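Protein chains in written order, with the entry's author numbering: chain A, 1 to 64; chain A', 1 to 64. A prime marks a further copy of an entry chain. The beta-carbon is built from N, C-alpha and C at its ideal position, and this holds for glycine as well. Heads up, the thing below is written out as structure tokens.
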Ligand SMILES: OC[C@H]1O[C@@](CO)(O[C@H]2O[C@H](CO)[C@@H](O)[C@H](O)[C@H]2O)[C@@H](O)[C@@H]1O
Ligand SMILES: OC[C@H]1O[C@@](CO)(O[C@H]2O[C@H](CO)[C@@H](O)[C@H](O)[C@H]2O)[C@@H](O)[C@@H]1O
Ligand SMILES: [Zn+2]
Ligand SMILES: [Zn+2]
Ligand SMILES: [Zn+2]
Ligand SMILES: [Zn+2]
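This is the structure in structure tokens:
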């Protein structure tokens with residue numbers, strides 16, 4: 001358990017994990033829920049926060 | 001701001017960031033404070049949690 005919020009949907013950890021989503025981080029350290037990041041990746045290969053490229057799986061779950 | 005705790009020192013986010021440390025994640029998704037992970041890396045090249053190899057900078061800050 002943790003208290004972190006996804007900046008795209010603005011849900012808290014409780015709401016994210018209740019819905020079966022993962023907390024994920026880009027390799028540039030930007031944290032989102034899995035759904036928002038994967039959805040962003042359908043339209044853009046860049047980090048939603050800093051626009052560094054994150055395709056080729058330069059992101060991963062964080063187990064918190 | 002976030003509420004996460006480092007499993008090695010067991011400090012909360014407030015105490016970690018007050019002390020100038022970073023929150024970091026391994027690429028295997030395991031979250032620590034920077035001091036504990038870097039200290040672990042002096043003795044072992046493996047994740048403190050799952051023992052997957054994490055040297056060659058297979059870890060990074062998470063900005064929460
Ligand atoms: O929802 C992700 C969140 O759940 C935790 C347990 O609190 O991990 C569990 O759920 C994941 C998603 O189904 C699994 O991948 C994982 O193996 C399981 O322990 C947190 O670690 C994670 O942040
Ligand atoms: O202590 C890390 C923690 O601080 C935040 C702000 O709450 O980031 C700031 O501090 C970092 C460490 O000095 C800097 O690298 C960063 O640029 C700065 O914004 C969090 O994002 C971070 O988790
Ligand atoms: Zn989200
Ligand atoms: Zn980024
Ligand atoms: Zn620690
Ligand atoms: Zn690990």
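query                                                                                                                                                                       : result
Mapping the DSSP letters down to three states, classify residue 16 of chain A as helix, strand or coil.                                                                     : helix
I need the straight-line Cα distance from residue 35 of chain A' to residue 39 of chain A, nearest angstrom please.                                                         : 34 Å
What are the start and end residues of each continuous beta strand (DSSP E) run of 3 or more residues lying completely inside the region 23–49 of chain A', in chain order? : 23–26, 31–33
Secondary structure at residue 60 of chain A', three-state DSSP: helix, strand or coil?                                                                                     : strand
Quick test of the definition: if touching needs 3 or more C-beta pairs under 8 Å, does the region 50–64 of chain A touch the region 18–27 of chain A?                       : yes
Return the bridge partner residues of residue 53 of chain A from the DSSP annotation.                                                                                       : A:46
Closer than 6 Å by C-beta to residue 2 of chain A: which residues in its own chain qualify, once you throw out the five before and the five after it? Chain order, please.  : 13, 64
Measure the Cβ-Cβ separation of residue 53 of chain A and residue 45 of chain A and say whether it is below 7 Å.                                                            : yes
Could you please give me the residues that DSSP links to residue 3 of chain A' through a beta bridge?                                                                       : A:3
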